[PDB]
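Listing of data03.txt; format and content: compact mmCIF, C-alpha atoms and all ligand atoms.
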# COMPACT_ATOMS: atom_id res chain seq x y z
CA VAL A 3 -50.58 -96.21 51.93
CA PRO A 4 -53.31 -95.34 49.37
CA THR A 5 -51.54 -93.86 46.36
CA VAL A 6 -53.67 -90.72 46.23
CA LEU A 7 -53.14 -90.26 49.95
CA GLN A 8 -49.35 -90.54 49.58
CA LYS A 9 -49.43 -87.84 46.94
CA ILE A 10 -51.61 -85.56 49.10
CA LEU A 11 -49.40 -86.04 52.16
CA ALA A 12 -46.19 -85.36 50.19
CA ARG A 13 -47.68 -82.08 48.98
CA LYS A 14 -48.97 -81.35 52.47
CA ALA A 15 -45.45 -81.45 53.94
CA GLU A 16 -44.31 -78.84 51.40
CA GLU A 17 -47.25 -76.55 52.10
CA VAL A 18 -46.67 -76.74 55.85
CA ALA A 19 -43.00 -75.86 55.43
CA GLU A 20 -43.88 -72.97 53.12
CA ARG A 21 -46.44 -71.55 55.56
CA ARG A 22 -44.24 -71.99 58.61
CA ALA A 23 -41.54 -70.04 56.76
CA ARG A 24 -43.93 -67.09 56.36
CA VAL A 25 -45.95 -67.42 59.62
CA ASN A 26 -44.07 -69.25 62.39
CA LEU A 27 -45.58 -71.45 65.05
CA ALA A 28 -45.43 -68.83 67.80
CA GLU A 29 -47.49 -66.46 65.72
CA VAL A 30 -50.08 -69.11 64.79
CA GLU A 31 -50.28 -69.91 68.52
CA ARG A 32 -50.98 -66.25 69.31
CA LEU A 33 -53.71 -66.11 66.67
CA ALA A 34 -55.28 -69.31 68.06
CA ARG A 35 -55.41 -67.89 71.59
CA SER A 36 -57.21 -64.83 70.17
CA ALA A 37 -59.82 -66.64 68.02
CA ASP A 38 -63.57 -66.81 68.82
CA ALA A 39 -64.51 -69.51 71.30
CA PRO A 40 -64.97 -73.02 69.83
CA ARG A 41 -68.63 -73.67 69.14
CA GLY A 42 -68.87 -77.29 70.38
CA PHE A 43 -68.64 -79.63 67.37
CA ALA A 44 -68.96 -82.94 69.21
CA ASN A 45 -71.71 -81.60 71.46
CA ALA A 46 -73.87 -80.59 68.52
CA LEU A 47 -73.77 -84.15 67.11
CA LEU A 48 -74.09 -85.89 70.46
CA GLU A 49 -77.17 -83.95 71.59
CA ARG A 50 -79.05 -84.90 68.41
CA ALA A 51 -77.83 -88.47 68.13
CA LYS A 52 -78.77 -89.25 71.71
CA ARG A 53 -82.34 -88.23 70.79
CA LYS A 54 -82.26 -90.41 67.68
CA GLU A 55 -82.31 -87.31 65.55
CA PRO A 56 -80.19 -86.91 62.40
CA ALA A 57 -76.89 -85.17 63.17
CA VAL A 58 -75.71 -84.00 59.75
CA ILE A 59 -72.25 -82.61 59.10
CA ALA A 60 -72.87 -80.79 55.80
CA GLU A 61 -69.75 -80.48 53.68
CA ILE A 62 -68.68 -77.50 51.52
CA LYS A 63 -66.56 -79.09 48.77
CA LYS A 64 -65.83 -77.58 45.36
CA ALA A 65 -64.07 -80.58 43.81
CA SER A 66 -62.66 -83.95 44.77
CA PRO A 67 -60.14 -86.50 43.52
CA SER A 68 -62.87 -89.06 42.80
CA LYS A 69 -65.36 -86.71 41.07
CA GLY A 70 -63.65 -83.60 39.70
CA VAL A 71 -65.57 -80.36 40.00
CA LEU A 72 -68.82 -80.83 41.97
CA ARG A 73 -70.31 -77.35 42.00
CA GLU A 74 -69.73 -74.68 39.39
CA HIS A 75 -71.08 -71.67 41.32
CA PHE A 76 -69.42 -72.00 44.74
CA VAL A 77 -70.10 -69.41 47.46
CA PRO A 78 -69.27 -70.81 50.92
CA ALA A 79 -71.25 -68.23 52.97
CA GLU A 80 -74.40 -68.93 50.94
CA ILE A 81 -73.94 -72.72 51.12
CA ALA A 82 -73.42 -72.45 54.87
CA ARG A 83 -76.63 -70.48 55.36
CA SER A 84 -78.61 -72.89 53.22
CA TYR A 85 -77.18 -75.83 55.20
CA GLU A 86 -78.11 -74.25 58.53
CA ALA A 87 -81.65 -73.46 57.39
CA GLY A 88 -82.10 -77.04 56.14
CA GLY A 89 -81.17 -78.52 59.48
CA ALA A 90 -77.41 -79.33 59.47
CA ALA A 91 -75.81 -79.75 62.88
CA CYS A 92 -72.29 -78.87 61.78
CA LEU A 93 -70.33 -77.98 58.70
CA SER A 94 -67.29 -79.45 57.07
CA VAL A 95 -65.22 -77.10 54.90
CA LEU A 96 -62.41 -78.37 52.71
CA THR A 97 -59.34 -76.18 53.09
CA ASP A 98 -57.07 -78.34 50.93
CA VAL A 99 -56.14 -76.31 47.83
CA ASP A 100 -54.63 -78.69 45.23
CA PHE A 101 -56.92 -81.71 45.49
CA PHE A 102 -60.30 -80.33 46.68
CA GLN A 103 -60.02 -76.82 45.19
CA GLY A 104 -60.60 -75.48 48.70
CA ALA A 105 -59.20 -72.65 50.80
CA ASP A 106 -58.87 -71.53 54.41
CA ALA A 107 -60.88 -68.44 53.52
CA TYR A 108 -63.85 -70.69 52.68
CA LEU A 109 -63.88 -71.93 56.27
CA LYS A 110 -63.74 -68.42 57.73
CA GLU A 111 -66.54 -67.31 55.40
CA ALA A 112 -68.79 -70.32 56.03
CA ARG A 113 -68.32 -70.05 59.76
CA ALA A 114 -69.00 -66.30 59.93
CA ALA A 115 -72.22 -66.87 57.94
CA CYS A 116 -73.91 -69.22 60.41
CA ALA A 117 -73.92 -70.34 64.02
CA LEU A 118 -72.91 -73.97 63.44
CA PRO A 119 -69.63 -75.65 64.47
CA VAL A 120 -67.20 -76.28 61.64
CA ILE A 121 -64.60 -79.01 61.08
CA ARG A 122 -61.53 -78.08 59.06
CA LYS A 123 -61.49 -80.78 56.39
CA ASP A 124 -57.84 -81.11 55.42
CA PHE A 125 -54.90 -83.50 55.84
CA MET A 126 -53.32 -83.04 59.26
CA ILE A 127 -49.76 -84.30 59.67
CA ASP A 128 -48.11 -81.56 61.83
CA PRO A 129 -49.01 -79.76 65.10
CA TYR A 130 -48.58 -76.51 63.16
CA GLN A 131 -51.67 -77.33 61.07
CA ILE A 132 -53.72 -78.13 64.21
CA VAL A 133 -52.90 -74.78 65.87
CA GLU A 134 -53.52 -73.10 62.51
CA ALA A 135 -56.98 -74.73 62.31
CA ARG A 136 -57.94 -73.05 65.55
CA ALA A 137 -56.40 -69.73 64.40
CA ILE A 138 -58.70 -69.73 61.34
CA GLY A 139 -61.67 -70.43 63.58
CA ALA A 140 -62.24 -74.19 63.17
CA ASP A 141 -64.10 -75.99 65.94
CA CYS A 142 -62.84 -79.48 65.09
CA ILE A 143 -60.02 -81.11 63.14
CA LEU A 144 -59.72 -84.40 61.29
CA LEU A 145 -57.27 -87.22 61.93
CA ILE A 146 -57.02 -89.92 59.25
CA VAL A 147 -55.71 -93.22 60.63
CA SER A 148 -54.45 -94.28 57.15
CA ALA A 149 -52.26 -91.19 57.09
CA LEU A 150 -50.70 -91.45 60.57
CA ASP A 151 -48.78 -93.63 62.94
CA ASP A 152 -50.25 -93.93 66.42
CA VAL A 153 -47.74 -91.71 68.20
CA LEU A 154 -48.20 -88.90 65.71
CA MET A 155 -51.97 -89.39 65.86
CA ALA A 156 -51.97 -89.07 69.65
CA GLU A 157 -49.69 -86.02 69.39
CA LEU A 158 -51.95 -84.21 66.88
CA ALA A 159 -55.03 -84.97 69.00
CA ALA A 160 -53.28 -83.69 72.11
CA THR A 161 -52.36 -80.50 70.27
CA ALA A 162 -56.02 -80.13 69.24
CA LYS A 163 -57.34 -80.50 72.80
CA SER A 164 -54.83 -77.99 74.12
CA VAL A 165 -56.25 -75.32 71.77
CA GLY A 166 -59.86 -76.32 72.42
CA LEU A 167 -60.53 -78.23 69.18
CA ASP A 168 -62.70 -81.32 69.02
CA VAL A 169 -61.33 -84.35 67.16
CA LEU A 170 -62.91 -86.53 64.45
CA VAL A 171 -60.86 -89.65 63.80
CA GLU A 172 -61.49 -91.42 60.47
CA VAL A 173 -61.07 -95.17 59.94
CA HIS A 174 -61.74 -97.50 57.01
CA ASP A 175 -61.36 -100.99 58.55
CA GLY A 176 -61.22 -102.95 61.80
CA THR A 177 -57.43 -102.69 62.11
CA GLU A 178 -57.62 -98.90 61.81
CA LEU A 179 -60.59 -98.83 64.17
CA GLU A 180 -58.76 -100.66 66.93
CA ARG A 181 -55.71 -98.38 66.58
CA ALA A 182 -58.01 -95.35 66.80
CA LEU A 183 -59.88 -96.63 69.85
CA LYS A 184 -56.71 -97.63 71.72
CA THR A 185 -54.89 -94.35 70.91
CA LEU A 186 -57.61 -91.64 71.10
CA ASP A 187 -60.47 -91.04 73.49
CA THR A 188 -62.43 -88.69 71.25
CA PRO A 189 -66.09 -89.73 71.12
CA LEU A 190 -66.26 -88.97 67.38
CA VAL A 191 -65.36 -92.09 65.38
CA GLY A 192 -65.77 -91.49 61.65
CA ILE A 193 -66.03 -94.41 59.25
CA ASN A 194 -65.22 -93.58 55.65
CA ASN A 195 -67.30 -95.75 53.29
CA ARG A 196 -65.08 -94.67 50.38
CA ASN A 197 -62.03 -96.89 49.94
CA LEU A 198 -59.20 -94.54 49.00
CA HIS A 199 -57.26 -97.18 47.00
CA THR A 200 -60.09 -97.78 44.49
CA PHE A 201 -62.56 -94.96 45.23
CA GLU A 202 -65.29 -97.58 45.54
CA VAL A 203 -68.02 -96.90 48.08
CA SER A 204 -69.68 -99.46 50.36
CA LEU A 205 -72.07 -98.45 53.14
CA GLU A 206 -71.43 -101.85 54.71
CA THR A 207 -67.98 -100.52 55.67
CA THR A 208 -69.84 -98.70 58.42
CA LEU A 209 -72.30 -101.46 59.28
CA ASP A 210 -69.62 -104.14 59.55
CA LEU A 211 -67.72 -102.11 62.17
CA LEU A 212 -70.60 -101.24 64.49
CA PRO A 213 -70.10 -104.51 66.51
CA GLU A 214 -66.65 -103.26 67.55
CA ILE A 215 -67.56 -99.63 68.42
CA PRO A 216 -68.10 -98.96 72.16
CA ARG A 217 -71.33 -97.33 73.20
CA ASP A 218 -69.42 -94.37 74.60
CA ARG A 219 -68.33 -93.47 71.04
CA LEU A 220 -70.49 -91.78 68.41
CA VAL A 221 -70.37 -93.29 64.92
CA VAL A 222 -70.19 -90.74 62.09
CA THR A 223 -70.74 -92.41 58.73
CA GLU A 224 -68.86 -90.65 55.92
CA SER A 225 -69.26 -90.71 52.12
CA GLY A 226 -71.72 -92.52 49.94
CA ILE A 227 -74.93 -91.00 51.38
CA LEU A 228 -76.96 -90.21 48.23
CA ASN A 229 -80.61 -91.16 48.80
CA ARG A 230 -83.26 -91.76 51.42
CA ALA A 231 -82.78 -95.54 51.40
CA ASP A 232 -79.16 -94.93 52.47
CA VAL A 233 -80.39 -92.75 55.31
CA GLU A 234 -83.00 -95.33 56.38
CA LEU A 235 -80.44 -98.08 56.39
CA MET A 236 -78.16 -96.13 58.72
CA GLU A 237 -80.92 -94.99 61.08
CA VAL A 238 -82.36 -98.53 61.43
CA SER A 239 -78.84 -99.57 62.38
CA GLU A 240 -78.78 -96.77 65.00
CA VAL A 241 -76.34 -94.57 63.06
CA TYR A 242 -77.53 -90.96 63.40
CA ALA A 243 -74.42 -88.91 62.51
CA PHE A 244 -73.50 -88.39 58.82
CA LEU A 245 -70.87 -86.58 56.76
CA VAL A 246 -72.38 -85.68 53.37
CA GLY A 247 -71.03 -83.58 50.53
CA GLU A 248 -71.69 -84.72 46.95
CA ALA A 249 -75.44 -85.27 47.41
CA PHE A 250 -75.80 -81.61 48.46
CA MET A 251 -73.11 -80.02 46.23
CA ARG A 252 -74.92 -81.37 43.11
CA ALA A 253 -78.24 -79.73 44.16
CA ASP A 254 -79.41 -76.17 43.36
CA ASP A 255 -80.46 -75.63 47.00
CA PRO A 256 -78.04 -77.67 49.17
CA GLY A 257 -79.99 -77.12 52.38
CA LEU A 258 -83.18 -78.23 50.63
CA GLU A 259 -81.60 -81.49 49.53
CA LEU A 260 -80.47 -81.94 53.14
CA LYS A 261 -84.02 -81.42 54.37
CA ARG A 262 -85.33 -83.86 51.75
CA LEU A 263 -82.86 -86.62 52.61
CA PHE A 264 -83.04 -86.26 56.38
CA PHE A 265 -86.13 -84.38 57.53
CA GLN A 266 -89.24 -85.70 55.74
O1 LIG A 301 -64.17 -87.87 48.03
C1 LIG A 301 -63.05 -88.11 47.57
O2 LIG A 301 -62.81 -88.23 46.30
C2 LIG A 301 -61.86 -88.27 48.44
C3 LIG A 301 -60.63 -88.55 47.84
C4 LIG A 301 -59.49 -88.71 48.61
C5 LIG A 301 -59.56 -88.60 49.98
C6 LIG A 301 -60.77 -88.32 50.60
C7 LIG A 301 -61.93 -88.13 49.83
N1 LIG A 301 -63.09 -87.72 50.45
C8 LIG A 301 -63.19 -87.46 51.88
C9 LIG A 301 -64.57 -87.74 52.47
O3 LIG A 301 -64.53 -87.44 53.87
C10 LIG A 301 -65.70 -86.97 51.79
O4 LIG A 301 -65.34 -85.66 51.36
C11 LIG A 301 -66.88 -86.86 52.75
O5 LIG A 301 -66.91 -88.11 53.44
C12 LIG A 301 -68.19 -86.57 52.05
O6 LIG A 301 -68.38 -87.60 51.06
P1 LIG A 301 -69.51 -87.46 49.94
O7 LIG A 301 -70.80 -87.34 50.66
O8 LIG A 301 -69.17 -86.24 49.10
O9 LIG A 301 -69.30 -88.78 49.18
Show the structure stored in the file as structure tokens.
Ligand SMILES: O=C(O)c1ccccc1NC[C@@H](O)[C@H](O)[C@H](O)COP(=O)(O)O
Amino acid sequence: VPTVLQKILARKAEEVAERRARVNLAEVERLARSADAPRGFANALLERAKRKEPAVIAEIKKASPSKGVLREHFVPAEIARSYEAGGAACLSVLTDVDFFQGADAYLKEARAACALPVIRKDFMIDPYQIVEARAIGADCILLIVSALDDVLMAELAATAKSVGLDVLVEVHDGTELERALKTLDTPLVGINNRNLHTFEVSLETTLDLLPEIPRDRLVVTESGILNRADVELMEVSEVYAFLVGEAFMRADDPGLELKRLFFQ
């Protein structure tokens, strides 16, 4: 529905077709069976959150639709190592090329550089992309409720499980939340505080949904985390899992900014 999302998804269908033409599904499936074992993306968040410790998914993002270029000097392996040293639980690596100035290679490089699990941050609309995520070494994929009907969403999640990927489902409102909870049993329920129609950010997007989130799910609050008051708000509300990019991409030492926001 969101205009920018429609444009991304239209492009995404083209890119999938183009890649499938060059590398067909059977080959991507062979590469996925051969990849390094998944590192346990959900487990890494769950083991910290259950101890009331910050579970930070640190995001490697060169540019974005809402902000333009976020980091001039962009070396994924170095960002990954800084993130790990600063206390991140997992990484998020944008692999979308035309809207986030990302690349699949950035995920391979970030993952090889550290021992943390990595979510492929991209726009999944086709089982091909899910199998491909595992072939490039991802430990988790992203499903965006705004972008999917329920049957397709269940199908993509089932494809992910069958290649050993964890699933992060992202919602923006109560209607999307209830579709996600009814359709998927992943524990990882991501709430995006950034409205994709206006690009406005509200941390209360997360807080207002907590009364509908079962205790067997883990809330991952996404976007808008910029300062320590934001972190305090979430932790007092018993939100311990975060997806954060801009706050770190604007800093000289991204891992140090992570330590300053979460571990002092
Ligand atoms: O950030 C954007 O401009 C944007 C635009 C269109 C679609 C999705 C978008 N962002 C996806 C969102 O998951 C963010 O990359 C992460 O939540 C990290 O947010 P940040 O901490 O950088 O505000």
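Taking atom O8 of ligand LIG 301 (chain A) and atom CA of residue 98 of chain A as the two end points, the separation is 14.6 Å.
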Between segment 82-155 of chain A and segment 9-19 of chain A, at 12 Å or less, what are the per-residue closest atom pairs and their distances in Å? Count only C-alpha atoms, order by chain and rising residue number, and return it as CSV.
residue,atom,partner,partner_atom,distance
A:97,CA,A:14,CA,11.6
A:98,CA,A:14,CA,8.8
A:99,CA,A:17,CA,9.9
A:100,CA,A:10,CA,8.4
A:101,CA,A:10,CA,7.5
A:102,CA,A:10,CA,10.4
A:124,CA,A:14,CA,9.4
A:125,CA,A:11,CA,7.1
A:126,CA,A:14,CA,8.2
A:127,CA,A:15,CA,7.7
A:128,CA,A:18,CA,7.8
A:129,CA,A:18,CA,10.0
A:130,CA,A:18,CA,7.6
A:131,CA,A:18,CA,7.3
A:132,CA,A:18,CA,11.0
A:133,CA,A:18,CA,12.0
A:134,CA,A:18,CA,10.2
A:146,CA,A:11,CA,11.1
A:148,CA,A:11,CA,10.9
A:149,CA,A:11,CA,7.7
A:150,CA,A:11,CA,10.1
Check every protein, DNA and RNA residue against ligand LIG 301 (chain A), keep those with an atom at most 8 Å away (counting all atoms listed in the file), and present them as a compact mmCIF listing (two decimals) with C-alpha atoms, in the frame of the given file.
# COMPACT_ATOMS: atom_id res chain seq x y z
CA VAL A 6 -53.67 -90.72 46.23
CA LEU A 7 -53.14 -90.26 49.95
CA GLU A 61 -69.75 -80.48 53.68
CA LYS A 63 -66.56 -79.09 48.77
CA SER A 66 -62.66 -83.95 44.77
CA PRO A 67 -60.14 -86.50 43.52
CA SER A 68 -62.87 -89.06 42.80
CA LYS A 69 -65.36 -86.71 41.07
CA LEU A 96 -62.41 -78.37 52.71
CA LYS A 123 -61.49 -80.78 56.39
CA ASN A 194 -65.22 -93.58 55.65
CA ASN A 195 -67.30 -95.75 53.29
CA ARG A 196 -65.08 -94.67 50.38
CA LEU A 198 -59.20 -94.54 49.00
CA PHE A 201 -62.56 -94.96 45.23
CA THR A 223 -70.74 -92.41 58.73
CA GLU A 224 -68.86 -90.65 55.92
CA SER A 225 -69.26 -90.71 52.12
CA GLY A 226 -71.72 -92.52 49.94
CA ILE A 227 -74.93 -91.00 51.38
CA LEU A 228 -76.96 -90.21 48.23
CA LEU A 245 -70.87 -86.58 56.76
CA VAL A 246 -72.38 -85.68 53.37
CA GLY A 247 -71.03 -83.58 50.53
CA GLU A 248 -71.69 -84.72 46.95
CA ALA A 249 -75.44 -85.27 47.41
CA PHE A 250 -75.80 -81.61 48.46
CA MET A 251 -73.11 -80.02 46.23
Would you mind listing what lies within 10 Å of residue 253 of chain A as a list in words, with all atoms listed in the file counted and same-chain residues fewer than 6 positions away left out? residues 72, 73, 259 and 260 of chain A
Taking all atoms listed in the file into account, name the residue in A:266, A:208, A:197, A:45 that is nearest to residue 167 of chain A.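 Smallest distance to residue 167 of chain A is found for A:45.
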Atom CA of residue 83 of chain A and atom CA of residue 65 of chain A are how many Å apart?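 Going from atom CA of residue 83 of chain A over to atom CA of residue 65 of chain A covers 19.8 Å.
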Would you mind telling me which residue in A:89, A:3, A:64, A:33 lies nearest to residue 257 of chain A when using only C-alpha atoms?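 Nearest candidate to residue 257 of chain A out of A:89, A:3, A:64, A:33: A:89.
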Selected residue of minimal separation from residue 113 of chain A among A:218, A:38, A:202, A:172, counting all atoms listed in the file: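 Closest residue, counting all atoms listed in the file: A:38.
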Determine, counting all atoms listed in the file, every residue of protein, DNA or RNA that lies within 10 Å of (-66.3, -82.9, 60.9) in the file coordinates, then give the result as a ChimeraX atom specification. /A:43-44,47,58-61,92-95,119-123,140-144,168-172,190,192,222,224,244-245
Just C-alpha atoms for this one: save the residues we selected as a PDB file, keeping the file's coordinate frame.
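To be explicit, this is the file written out as part.pdb:
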ATOM      1  CA  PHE A  43     -68.640 -79.630  67.370  1.00  0.00           C
ATOM      2  CA  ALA A  44     -68.960 -82.940  69.210  1.00  0.00           C
ATOM      3  CA  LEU A  47     -73.770 -84.150  67.110  1.00  0.00           C
ATOM      4  CA  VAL A  58     -75.710 -84.000  59.750  1.00  0.00           C
ATOM      5  CA  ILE A  59     -72.250 -82.610  59.100  1.00  0.00           C
ATOM      6  CA  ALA A  60     -72.870 -80.790  55.800  1.00  0.00           C
ATOM      7  CA  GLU A  61     -69.750 -80.480  53.680  1.00  0.00           C
ATOM      8  CA  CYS A  92     -72.290 -78.870  61.780  1.00  0.00           C
ATOM      9  CA  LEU A  93     -70.330 -77.980  58.700  1.00  0.00           C
ATOM     10  CA  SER A  94     -67.290 -79.450  57.070  1.00  0.00           C
ATOM     11  CA  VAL A  95     -65.220 -77.100  54.900  1.00  0.00           C
ATOM     12  CA  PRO A 119     -69.630 -75.650  64.470  1.00  0.00           C
ATOM     13  CA  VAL A 120     -67.200 -76.280  61.640  1.00  0.00           C
ATOM     14  CA  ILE A 121     -64.600 -79.010  61.080  1.00  0.00           C
ATOM     15  CA  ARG A 122     -61.530 -78.080  59.060  1.00  0.00           C
ATOM     16  CA  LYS A 123     -61.490 -80.780  56.390  1.00  0.00           C
ATOM     17  CA  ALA A 140     -62.240 -74.190  63.170  1.00  0.00           C
ATOM     18  CA  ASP A 141     -64.100 -75.990  65.940  1.00  0.00           C
ATOM     19  CA  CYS A 142     -62.840 -79.480  65.090  1.00  0.00           C
ATOM     20  CA  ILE A 143     -60.020 -81.110  63.140  1.00  0.00           C
ATOM     21  CA  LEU A 144     -59.720 -84.400  61.290  1.00  0.00           C
ATOM     22  CA  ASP A 168     -62.700 -81.320  69.020  1.00  0.00           C
ATOM     23  CA  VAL A 169     -61.330 -84.350  67.160  1.00  0.00           C
ATOM     24  CA  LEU A 170     -62.910 -86.530  64.450  1.00  0.00           C
ATOM     25  CA  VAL A 171     -60.860 -89.650  63.800  1.00  0.00           C
ATOM     26  CA  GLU A 172     -61.490 -91.420  60.470  1.00  0.00           C
ATOM     27  CA  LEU A 190     -66.260 -88.970  67.380  1.00  0.00           C
ATOM     28  CA  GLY A 192     -65.770 -91.490  61.650  1.00  0.00           C
ATOM     29  CA  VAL A 222     -70.190 -90.740  62.090  1.00  0.00           C
ATOM     30  CA  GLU A 224     -68.860 -90.650  55.920  1.00  0.00           C
ATOM     31  CA  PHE A 244     -73.500 -88.390  58.820  1.00  0.00           C
ATOM     32  CA  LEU A 245     -70.870 -86.580  56.760  1.00  0.00           C
TER      33      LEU A 245
END
Find the distance between atom CA of residue 35 of chain A and atom CA of residue 136 of chain A and write it in Å to one decimal. 8.3 Å
Looking at A:39, A:181, A:205, A:160, which one is nearest to residue 239 of chain A, with distances taken over all atoms listed in the file?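 Smallest separation from residue 239 of chain A among the options: A:205.
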